[PDB]
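Visitor: Pasting my_file.csv here (CSV, N, CA and C atoms and all ligand atoms):
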chain,number,residue,atom,x,y,z
O,1,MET,N,20.1,-7.2,27.9
O,1,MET,CA,20.7,-6.5,29.1
O,1,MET,C,21.0,-5.1,28.9
O,2,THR,N,21.7,-4.8,27.7
O,2,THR,CA,22.1,-3.5,27.3
O,2,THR,C,21.1,-2.8,26.4
O,3,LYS,N,20.8,-1.6,26.7
O,3,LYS,CA,19.9,-0.8,25.8
O,3,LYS,C,20.7,-0.1,24.7
O,4,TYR,N,20.5,-0.5,23.5
O,4,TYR,CA,21.1,0.2,22.4
O,4,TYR,C,20.2,1.2,21.6
O,5,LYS,N,18.9,0.8,21.5
O,5,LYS,CA,18.0,1.6,20.7
O,5,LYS,C,17.1,2.5,21.5
O,6,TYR,N,17.0,3.8,21.1
O,6,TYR,CA,16.2,4.8,21.8
O,6,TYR,C,15.3,5.4,20.7
O,7,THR,N,14.0,5.6,21.2
O,7,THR,CA,13.0,6.1,20.3
O,7,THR,C,12.5,7.5,20.6
O,8,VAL,N,11.9,8.2,19.6
O,8,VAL,CA,11.3,9.5,19.8
O,8,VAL,C,10.2,9.4,20.8
O,9,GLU,N,9.4,8.4,20.7
O,9,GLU,CA,8.3,8.1,21.6
O,9,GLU,C,8.7,8.2,23.1
O,10,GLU,N,9.8,7.6,23.4
O,10,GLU,CA,10.3,7.6,24.8
O,10,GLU,C,11.3,8.7,25.2
O,11,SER,N,11.5,9.7,24.3
O,11,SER,CA,12.5,10.8,24.5
O,11,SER,C,11.8,11.9,25.3
O,12,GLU,N,12.7,12.8,25.7
O,12,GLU,CA,12.2,14.1,26.3
O,12,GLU,C,12.2,15.1,25.2
O,13,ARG,N,11.1,15.7,25.0
O,13,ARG,CA,10.9,16.7,24.0
O,13,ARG,C,10.5,18.1,24.6
O,14,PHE,N,11.2,19.1,24.3
O,14,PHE,CA,11.0,20.4,24.9
O,14,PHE,C,11.5,21.5,24.0
O,15,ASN,N,11.0,22.8,24.2
O,15,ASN,CA,11.5,23.9,23.5
O,15,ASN,C,12.5,24.7,24.3
O,16,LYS,N,13.6,25.1,23.6
O,16,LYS,CA,14.7,25.9,24.3
O,16,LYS,C,15.0,27.0,23.3
O,17,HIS,N,14.8,28.3,23.7
O,17,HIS,CA,15.1,29.5,23.0
O,17,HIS,C,14.6,29.5,21.5
O,18,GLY,N,13.5,28.8,21.3
O,18,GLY,CA,12.9,28.7,19.9
O,18,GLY,C,13.2,27.5,19.2
O,19,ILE,N,14.0,26.5,19.6
O,19,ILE,CA,14.2,25.3,19.0
O,19,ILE,C,13.4,24.2,19.7
O,20,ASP,N,13.0,23.1,19.0
O,20,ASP,CA,12.4,22.0,19.6
O,20,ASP,C,13.4,20.9,19.6
O,21,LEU,N,13.9,20.5,20.8
O,21,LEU,CA,14.9,19.5,21.1
O,21,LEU,C,14.2,18.1,21.3
O,22,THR,N,14.8,17.1,20.8
O,22,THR,CA,14.5,15.7,21.2
O,22,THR,C,15.7,15.1,21.9
O,23,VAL,N,15.7,14.9,23.2
O,23,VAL,CA,16.8,14.3,23.9
O,23,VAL,C,16.4,12.8,24.2
O,24,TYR,N,17.1,11.9,23.6
O,24,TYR,CA,16.7,10.4,23.6
O,24,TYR,C,16.9,9.8,25.0
O,25,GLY,N,17.9,10.2,25.8
O,25,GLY,CA,18.1,9.6,27.1
O,25,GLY,C,19.2,8.6,27.3
O,26,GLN,N,19.9,8.4,26.1
O,26,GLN,CA,21.1,7.6,26.2
O,26,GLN,C,22.2,8.3,26.9
O,27,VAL,N,23.1,7.5,27.5
O,27,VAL,CA,24.3,8.1,28.3
O,27,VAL,C,25.6,7.5,27.7
O,28,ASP,N,26.4,8.4,27.2
O,28,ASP,CA,27.7,8.0,26.6
O,28,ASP,C,28.6,9.2,26.9
O,29,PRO,N,29.7,9.0,27.6
O,29,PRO,CA,30.6,10.2,27.9
O,29,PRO,C,31.2,10.8,26.7
O,30,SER,N,31.3,10.1,25.6
O,30,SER,CA,32.1,10.6,24.4
O,30,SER,C,31.2,11.5,23.5
O,31,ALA,N,29.9,11.4,23.5
O,31,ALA,CA,29.0,12.1,22.7
O,31,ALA,C,27.6,12.1,23.1
O,32,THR,N,26.9,13.2,22.8
O,32,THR,CA,25.5,13.4,22.9
O,32,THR,C,24.9,13.6,21.5
O,33,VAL,N,24.0,12.8,21.1
O,33,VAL,CA,23.3,13.1,19.8
O,33,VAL,C,21.8,13.3,20.1
O,34,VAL,N,21.3,14.5,19.6
O,34,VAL,CA,20.0,14.9,19.7
O,34,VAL,C,19.4,15.3,18.4
O,35,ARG,N,18.0,15.4,18.3
O,35,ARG,CA,17.4,16.0,17.2
O,35,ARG,C,17.0,17.4,17.5
O,36,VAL,N,17.1,18.3,16.5
O,36,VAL,CA,16.7,19.7,16.6
O,36,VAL,C,15.8,20.0,15.4
O,37,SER,N,14.6,20.5,15.8
O,37,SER,CA,13.7,21.1,14.8
O,37,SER,C,13.6,22.6,15.1
O,38,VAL,N,13.7,23.4,14.1
O,38,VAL,CA,13.7,24.9,14.3
O,38,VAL,C,12.8,25.5,13.2
O,39,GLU,N,11.9,26.4,13.7
O,39,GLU,CA,11.0,27.0,12.7
O,39,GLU,C,11.5,28.4,12.3
O,40,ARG,N,12.1,29.1,13.2
O,40,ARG,CA,12.6,30.5,12.9
O,40,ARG,C,14.0,30.7,13.4
O,41,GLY,N,14.3,30.2,14.6
O,41,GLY,CA,15.7,30.3,15.1
O,41,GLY,C,15.9,29.9,16.5
O,42,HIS,N,17.2,29.9,16.9
O,42,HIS,CA,17.6,29.7,18.3
O,42,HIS,C,18.0,31.1,18.7
O,43,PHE,N,17.2,31.7,19.5
O,43,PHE,CA,17.2,33.2,19.8
O,43,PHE,C,18.0,33.5,21.1
O,44,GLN,N,19.1,32.8,21.2
O,44,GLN,CA,20.0,33.1,22.3
O,44,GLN,C,21.4,32.7,21.8
O,45,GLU,N,22.4,33.4,22.2
O,45,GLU,CA,23.8,33.2,21.8
O,45,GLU,C,24.5,32.7,23.0
O,46,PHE,N,25.3,31.6,22.8
O,46,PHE,CA,26.0,30.9,23.9
O,46,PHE,C,27.3,30.4,23.3
O,47,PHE,N,28.1,29.9,24.2
O,47,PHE,CA,29.3,29.1,23.8
O,47,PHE,C,29.5,28.0,24.8
O,48,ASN,N,30.2,26.9,24.4
O,48,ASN,CA,30.5,25.8,25.3
O,48,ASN,C,32.0,25.7,25.4
O,49,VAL,N,32.5,25.7,26.6
O,49,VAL,CA,33.9,25.7,26.9
O,49,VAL,C,34.6,24.3,26.7
O,50,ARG,N,33.8,23.2,26.6
O,50,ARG,CA,34.4,21.9,26.5
O,50,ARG,C,34.0,21.1,25.3
O,51,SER,N,32.8,21.2,24.8
O,51,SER,CA,32.3,20.4,23.6
O,51,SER,C,32.1,21.1,22.3
O,52,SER,N,32.4,20.4,21.2
O,52,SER,CA,32.1,20.8,19.9
O,52,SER,C,30.7,20.5,19.6
O,53,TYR,N,30.1,21.3,18.7
O,53,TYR,CA,28.7,21.2,18.2
O,53,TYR,C,28.8,20.9,16.7
O,54,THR,N,28.2,19.8,16.3
O,54,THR,CA,28.2,19.4,14.9
O,54,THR,C,26.8,19.2,14.5
O,55,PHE,N,26.3,20.0,13.6
O,55,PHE,CA,24.9,20.0,13.0
O,55,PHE,C,24.9,19.3,11.6
O,56,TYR,N,24.1,18.3,11.5
O,56,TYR,CA,23.8,17.8,10.1
O,56,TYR,C,22.4,18.2,9.8
O,57,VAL,N,22.3,18.9,8.6
O,57,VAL,CA,21.0,19.4,8.2
O,57,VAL,C,20.2,18.4,7.4
O,58,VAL,N,19.2,17.8,8.0
O,58,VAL,CA,18.3,16.8,7.3
O,58,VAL,C,17.5,17.5,6.2
O,59,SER,N,16.9,18.6,6.5
O,59,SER,CA,16.0,19.3,5.6
O,59,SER,C,16.0,20.8,6.0
O,60,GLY,N,15.6,21.6,5.0
O,60,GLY,CA,15.4,23.0,5.2
O,60,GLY,C,16.6,23.8,4.9
O,61,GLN,N,16.6,25.1,5.4
O,61,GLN,CA,17.7,26.0,5.1
O,61,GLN,C,17.8,27.0,6.3
O,62,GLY,N,19.0,27.5,6.6
O,62,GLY,CA,19.2,28.4,7.7
O,62,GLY,C,20.5,29.1,7.6
O,63,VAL,N,20.9,29.8,8.6
O,63,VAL,CA,22.1,30.5,8.7
O,63,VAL,C,22.6,30.5,10.2
O,64,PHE,N,23.9,30.0,10.3
O,64,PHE,CA,24.5,30.0,11.6
O,64,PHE,C,25.3,31.3,11.8
O,65,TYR,N,25.3,31.8,13.0
O,65,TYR,CA,26.2,32.9,13.4
O,65,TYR,C,27.2,32.4,14.4
O,66,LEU,N,28.5,32.2,13.9
O,66,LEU,CA,29.5,31.6,14.7
O,66,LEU,C,30.6,32.6,14.9
O,67,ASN,N,30.8,33.0,16.1
O,67,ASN,CA,31.6,34.2,16.5
O,67,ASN,C,31.2,35.4,15.6
O,68,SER,N,29.8,35.6,15.4
O,68,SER,CA,29.2,36.7,14.6
O,68,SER,C,29.4,36.6,13.1
O,69,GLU,N,30.0,35.5,12.6
O,69,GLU,CA,30.2,35.3,11.2
O,69,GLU,C,29.0,34.4,10.7
O,70,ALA,N,28.3,35.0,9.7
O,70,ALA,CA,27.2,34.2,9.0
O,70,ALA,C,27.8,33.0,8.2
O,71,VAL,N,27.1,31.9,8.4
O,71,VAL,CA,27.5,30.7,7.8
O,71,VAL,C,26.2,30.0,7.2
O,72,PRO,N,26.0,30.1,5.9
O,72,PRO,CA,24.7,29.6,5.3
O,72,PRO,C,24.7,28.0,5.4
O,73,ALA,N,23.5,27.5,5.5
O,73,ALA,CA,23.4,26.0,5.6
O,73,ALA,C,22.1,25.6,4.9
O,74,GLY,N,22.3,24.5,4.2
O,74,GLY,CA,21.1,23.8,3.5
O,74,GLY,C,21.2,22.3,3.7
O,75,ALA,N,20.1,21.7,3.2
O,75,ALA,CA,20.0,20.2,3.4
O,75,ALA,C,21.2,19.4,2.9
O,76,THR,N,21.6,18.5,3.8
O,76,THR,CA,22.8,17.6,3.6
O,76,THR,C,24.2,18.3,4.0
O,77,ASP,N,24.2,19.6,4.4
O,77,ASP,CA,25.4,20.2,4.8
O,77,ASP,C,25.7,19.8,6.2
O,78,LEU,N,27.0,19.8,6.6
O,78,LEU,CA,27.5,19.6,7.9
O,78,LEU,C,28.1,20.9,8.4
O,79,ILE,N,27.7,21.3,9.6
O,79,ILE,CA,28.3,22.5,10.2
O,79,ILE,C,28.9,22.1,11.5
O,80,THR,N,30.3,22.3,11.6
O,80,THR,CA,31.1,21.9,12.7
O,80,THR,C,31.6,23.1,13.5
O,81,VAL,N,31.3,23.1,14.8
O,81,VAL,CA,31.6,24.3,15.6
O,81,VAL,C,32.5,23.9,16.8
O,82,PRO,N,33.8,24.4,16.8
O,82,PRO,CA,34.7,24.1,17.9
O,82,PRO,C,34.2,24.6,19.2
O,83,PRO,N,34.7,24.1,20.3
O,83,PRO,CA,34.5,24.7,21.7
O,83,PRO,C,34.9,26.1,21.7
O,84,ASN,N,34.3,26.9,22.6
O,84,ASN,CA,34.6,28.3,22.8
O,84,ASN,C,34.3,29.2,21.6
O,85,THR,N,33.2,28.8,20.8
O,85,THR,CA,32.7,29.5,19.7
O,85,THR,C,31.3,30.0,20.0
O,86,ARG,N,31.1,31.3,19.9
O,86,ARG,CA,29.7,31.9,20.1
O,86,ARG,C,28.8,31.3,19.0
O,87,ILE,N,27.6,30.9,19.4
O,87,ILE,CA,26.7,30.3,18.5
O,87,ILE,C,25.3,30.8,18.7
O,88,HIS,N,24.7,31.3,17.6
O,88,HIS,CA,23.2,31.3,17.5
O,88,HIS,C,22.9,31.0,16.0
O,89,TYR,N,21.6,30.8,15.7
O,89,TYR,CA,21.2,30.5,14.3
O,89,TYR,C,19.8,30.9,14.0
O,90,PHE,N,19.5,31.1,12.8
O,90,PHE,CA,18.2,31.3,12.2
O,90,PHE,C,17.9,30.2,11.2
O,91,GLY,N,16.7,29.9,11.0
O,91,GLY,CA,16.3,29.0,9.9
O,91,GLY,C,15.0,28.2,10.1
O,92,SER,N,14.6,27.6,9.1
O,92,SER,CA,13.5,26.6,9.1
O,92,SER,C,14.2,25.3,8.7
O,93,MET,N,14.6,24.5,9.7
O,93,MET,CA,15.4,23.3,9.5
O,93,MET,C,15.1,22.1,10.4
O,94,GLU,N,15.3,20.9,9.9
O,94,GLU,CA,15.4,19.7,10.8
O,94,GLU,C,16.9,19.3,10.8
O,95,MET,N,17.4,19.0,12.0
O,95,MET,CA,18.8,18.7,12.1
O,95,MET,C,19.1,17.5,13.1
O,96,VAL,N,20.3,16.9,12.9
O,96,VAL,CA,20.8,16.0,13.9
O,96,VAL,C,22.0,16.7,14.5
O,97,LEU,N,22.1,16.8,15.8
O,97,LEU,CA,23.2,17.5,16.4
O,97,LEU,C,24.0,16.6,17.3
O,98,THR,N,25.3,16.6,17.2
O,98,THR,CA,26.2,16.0,18.0
O,98,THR,C,27.0,17.0,18.9
O,99,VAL,N,27.0,16.7,20.2
O,99,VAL,CA,27.8,17.5,21.1
O,99,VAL,C,28.8,16.5,21.7
O,100,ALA,N,30.1,16.8,21.5
O,100,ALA,CA,31.2,15.9,21.9
O,100,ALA,C,32.3,16.7,22.7
O,101,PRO,N,32.9,16.0,23.6
O,101,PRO,CA,32.2,15.2,24.6
O,101,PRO,C,30.8,15.5,25.1
O,102,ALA,N,30.2,14.6,25.8
O,102,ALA,CA,28.8,14.6,26.2
O,102,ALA,C,28.4,16.0,26.7
O,103,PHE,N,27.2,16.4,26.3
O,103,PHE,CA,26.6,17.7,26.7
O,103,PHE,C,26.5,17.8,28.2
O,104,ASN,N,27.0,18.9,28.7
O,104,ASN,CA,26.8,19.2,30.1
O,104,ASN,C,26.5,20.7,30.1
O,105,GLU,N,25.3,21.1,30.6
O,105,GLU,CA,24.8,22.5,30.7
O,105,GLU,C,25.8,23.4,31.4
O,106,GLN,N,26.5,22.8,32.4
O,106,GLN,CA,27.5,23.6,33.1
O,106,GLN,C,28.7,24.1,32.3
O,107,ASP,N,28.9,23.5,31.1
O,107,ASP,CA,29.9,23.9,30.2
O,107,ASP,C,29.5,25.1,29.3
O,108,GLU,N,28.3,25.5,29.4
O,108,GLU,CA,27.8,26.5,28.5
O,108,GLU,C,27.7,27.9,29.2
O,109,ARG,N,27.9,28.9,28.4
O,109,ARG,CA,27.9,30.3,28.9
O,109,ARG,C,26.9,31.1,28.1
O,110,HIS,N,26.1,31.9,28.7
O,110,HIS,CA,25.2,32.8,28.0
O,110,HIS,C,25.9,34.0,27.6
O,111,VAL,N,25.7,34.4,26.4
O,111,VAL,CA,26.3,35.7,25.9
O,111,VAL,C,25.2,36.8,25.8
O,112,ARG,N,24.1,36.5,25.0
O,112,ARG,CA,23.0,37.4,24.9
O,112,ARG,C,21.8,36.7,24.3
O,113,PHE,N,20.7,37.4,24.5
O,113,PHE,CA,19.4,37.0,23.8
O,113,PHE,C,19.4,37.7,22.4
O,114,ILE,N,18.7,37.1,21.5
O,114,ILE,CA,18.6,37.6,20.1
O,114,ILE,C,17.1,37.9,19.9
O,115,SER,N,16.8,39.1,19.4
O,115,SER,CA,15.4,39.5,19.2
O,115,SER,C,14.8,38.6,18.1
O,116,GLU,N,13.5,38.1,18.4
O,116,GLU,CA,12.8,37.2,17.4
O,116,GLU,C,12.6,37.9,16.0
O,117,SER,N,12.6,39.2,16.0
O,117,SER,CA,12.5,40.0,14.7
O,117,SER,C,13.8,39.9,13.9
O,118,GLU,N,14.9,39.5,14.5
O,118,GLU,CA,16.1,39.4,13.7
O,118,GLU,C,16.2,38.2,12.8
O,119,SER,N,15.4,37.2,13.0
O,119,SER,CA,15.4,36.1,12.1
O,119,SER,C,14.6,36.5,10.8
O,120,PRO,N,15.3,36.2,9.7
O,120,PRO,CA,14.5,36.4,8.4
O,120,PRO,C,13.6,35.3,8.0
O,121,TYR,N,13.5,34.3,8.8
O,121,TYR,CA,12.6,33.1,8.5
O,121,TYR,C,11.3,33.2,9.2
U,201,LIG,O1,21.9,17.7,24.7
U,201,LIG,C1,21.7,18.8,24.4
U,201,LIG,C2,22.3,19.5,23.3
U,201,LIG,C3,22.0,20.8,23.0
U,201,LIG,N1,21.2,21.5,23.8
U,201,LIG,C4,20.9,22.9,23.5
U,201,LIG,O2,20.7,23.1,22.1
U,201,LIG,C5,20.9,24.5,21.7
U,201,LIG,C6,21.7,24.6,20.5
U,201,LIG,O3,21.2,23.9,19.4
U,201,LIG,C7,21.5,25.1,23.0
U,201,LIG,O4,20.5,25.9,23.6
U,201,LIG,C8,22.0,23.9,23.8
U,201,LIG,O5,22.1,24.2,25.2
U,201,LIG,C9,20.6,21.0,24.9
U,201,LIG,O6,19.8,21.6,25.7
U,201,LIG,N2,20.9,19.6,25.2
Give the structure from this file in structure tokens form.

Guide:
Amino acid sequence: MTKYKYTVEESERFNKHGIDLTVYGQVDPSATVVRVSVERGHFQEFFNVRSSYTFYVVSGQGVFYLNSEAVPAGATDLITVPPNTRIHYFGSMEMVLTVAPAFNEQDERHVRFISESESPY
């Protein structure tokens, strides 16, 4: 009766500002978990007024810019970002991302675009 398991095959996969997102389709008010694949960066800076962003780095290396502060990241690191924190990032990475409470695009605010030449990856 209840669906517990979601697959990549049945997910929604799309590119957003340079990252490849896998949105599984599960609904849970407390958290959204998605996959992120990034080749060079997320070339837009935004913040979320309601939800924290927690990135687990499966593989690769990158750098997060959190309120303009560089935060290096490598495989097996956990990057935790509170609400109301400006976020962009560069890197070649595979990640698991938790947005808590559940992701709602209406909670996010655009700050600026980032030139693709700014990524050192
Ligand atoms: O469920 C989610 C989680 C994150 N993002 C996007 O992922 C990027 C940050 O990794 C941002 O563009 C953010 O809006 C989504 O589109 N949906």

Visitor: Determine, using only C-alpha atoms and all ligand atoms, which residues of chain O have any atom at most 10 Å from an atom of ligand LIG 201 (chain U), and tabulate each with its shortest atom pair and distance in Å to one decimal place, rows ordered by chain and then rising number, as a tab-separated table.

Guide:
residue	atom	partner	partner_atom	distance
O:14	CA	U:LIG201	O6	8.9
O:15	CA	U:LIG201	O6	8.9
O:16	CA	U:LIG201	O4	5.8
O:17	CA	U:LIG201	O4	6.5
O:18	CA	U:LIG201	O4	8.9
O:19	CA	U:LIG201	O3	7.1
O:20	CA	U:LIG201	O2	8.7
O:21	CA	U:LIG201	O2	6.9
O:22	CA	U:LIG201	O1	8.4
O:23	CA	U:LIG201	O1	6.2
O:24	CA	U:LIG201	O1	9.0
O:25	CA	U:LIG201	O1	9.3
O:31	CA	U:LIG201	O1	9.3
O:32	CA	U:LIG201	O1	5.9
O:33	CA	U:LIG201	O1	6.9
O:34	CA	U:LIG201	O1	6.0
O:35	CA	U:LIG201	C2	8.6
O:36	CA	U:LIG201	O3	6.8
O:37	CA	U:LIG201	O3	9.2
O:38	CA	U:LIG201	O3	9.1
O:41	CA	U:LIG201	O3	9.5
O:42	CA	U:LIG201	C6	6.9
O:43	CA	U:LIG201	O4	8.9
O:44	CA	U:LIG201	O4	7.3
O:45	CA	U:LIG201	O4	8.2
O:46	CA	U:LIG201	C7	7.4
O:47	CA	U:LIG201	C7	8.8
O:48	CA	U:LIG201	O5	8.6
O:53	CA	U:LIG201	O3	8.1
O:54	CA	U:LIG201	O3	9.5
O:55	CA	U:LIG201	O3	8.4
O:87	CA	U:LIG201	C6	7.8
O:88	CA	U:LIG201	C6	7.5
O:89	CA	U:LIG201	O3	8.3
O:95	CA	U:LIG201	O3	9.3
O:96	CA	U:LIG201	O3	9.6
O:97	CA	U:LIG201	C2	7.2
O:98	CA	U:LIG201	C2	7.5
O:99	CA	U:LIG201	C2	6.3
O:100	CA	U:LIG201	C2	9.7
O:102	CA	U:LIG201	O1	7.7
O:103	CA	U:LIG201	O1	5.1
O:104	CA	U:LIG201	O1	7.4
O:105	CA	U:LIG201	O5	6.4
O:106	CA	U:LIG201	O5	9.6
O:107	CA	U:LIG201	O5	9.3
O:108	CA	U:LIG201	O5	7.0
O:109	CA	U:LIG201	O5	9.2
O:110	CA	U:LIG201	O4	9.4

Visitor: Just list the residues in chain O DSSP gives strand (DSSP E or B) on the backbone, as a PyMOL selection string.

Guide: chain O and resi 12-16+19-23+32-38+41-48+52-66+69-74+78-81+87-100+108-113

Visitor: Write out as number ranges by chain all residues of chain O that backbone DSSP assigns to helix (DSSP H, G or I).

Guide: O: 105-107, 116-118

Visitor: Report, in Å with one decimal, the straight-line distance from atom N of residue 56 of chain O to atom C of residue 114 of chain O.

Guide: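 Spanning atom N of residue 56 of chain O to atom C of residue 114 of chain O is a straight-line distance of 22.4 Å.
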
Visitor: Which residue, O:65, O:60, O:26, O:78, has the smallest gap to residue 6 of chain O when you use all atoms listed in the file?

Guide: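 Of O:65, O:60, O:26, O:78, the one nearest residue 6 of chain O, counting all atoms listed in the file, is O:26.
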
Visitor: Quote the spacing between atom C of residue 69 of chain O and atom C of residue 30 of chain O in Å to one decimal place.

Guide: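 Straight-line distance from atom C of residue 69 of chain O to atom C of residue 30 of chain O works out to 26.3 Å.
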
Visitor: Can you work out the spacing between atom C of residue 119 of chain O and atom C of residue 40 of chain O in Å, to one decimal?

Guide: 6.4 Å

Visitor: In terms of the shortest atom-to-atom distance over only N, CA and C atoms, which of O:74, O:82, O:29, O:91 is closest to residue 120 of chain O?

Guide: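 Looking only at the distances to residue 120 of chain O, the closest residue turns out to be O:91.
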
Visitor: Determine the nearest neighbour of residue 94 of chain O from the options O:68, O:76, O:115, O:59, counting only N, CA and C atoms.

Guide: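 Nearest candidate to residue 94 of chain O out of O:68, O:76, O:115, O:59: O:59.
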
Visitor: Rank nothing, just name the residue among O:79, O:101, O:121, O:111 nearest to residue 28 of chain O, using only C-alpha atoms.

Guide: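 Between O:79, O:101, O:121, O:111, the residue approaching residue 28 of chain O most closely is O:101.
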
Visitor: My list of candidates is O:66, O:75, O:81, O:27. Which is closest to residue 51 of chain O when distances are computed with all atoms listed in the file?

Guide: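 The shortest atom-to-atom distance to residue 51 of chain O comes from O:81.
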
Visitor: With distances taken over all atoms listed in the file, which of O:9, O:3, O:90, O:112 is nearest to residue 64 of chain O?

Guide: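 Under the stated criterion, the closest residue is O:90.
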